[PDB]
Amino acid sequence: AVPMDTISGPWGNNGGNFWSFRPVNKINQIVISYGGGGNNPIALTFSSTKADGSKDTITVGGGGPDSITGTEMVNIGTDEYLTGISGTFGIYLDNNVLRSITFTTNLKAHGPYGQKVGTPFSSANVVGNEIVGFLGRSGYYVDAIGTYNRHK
């Protein structure tokens, strides 16, 4: 049996389409796309820059016609890596979807981004753990999210 990285979660709901992104190099940039002219998350982008200049990337959510009205940009820089996430799920335009999210690294907590309303979730804060990818479900918005994990 070929080992796979241990999954935390996903947290959230069963709507939308499954998605998964675990690139071989470090995820160093995240985009939270907002809709509705407020801080309403509608899509997430995760990207990993390769030494050859290529960039692994995925965008999940934003599958409907919603206009993106704003973004938050998150950079995970040198000697920095993702260690945890937390956030909330709740109603946006009659959908129970991601409403806020925090990306925590070994250095800082990036966030919270969005609206801190709704049902909470948080990954397990494990000393020496690195989030090396994400998975979940999405459609118009982000229906669920979890993590792939690897120890330092």
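The first residue of the shown sequence is 1; numbering continues from there.
The PDB entry reports B-factors from which the mean C-alpha value can be compared for 19-27 and 125-133; the larger average falls on 125-133.
Relative to one another, 99-107 and 47-55 have unequal mean CA B-factors, and 47-55 is the one with the higher figure. Within the group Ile68, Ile32, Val117, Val60, the record's highest C-alpha temperature factor is found at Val117. Placement of the Cα temperature factor of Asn14 within the chain: middle third of the modelled residues, per the deposited record.
Looking at the C-alpha B-factors along this chain, the one for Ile145 belongs to the lowest third.
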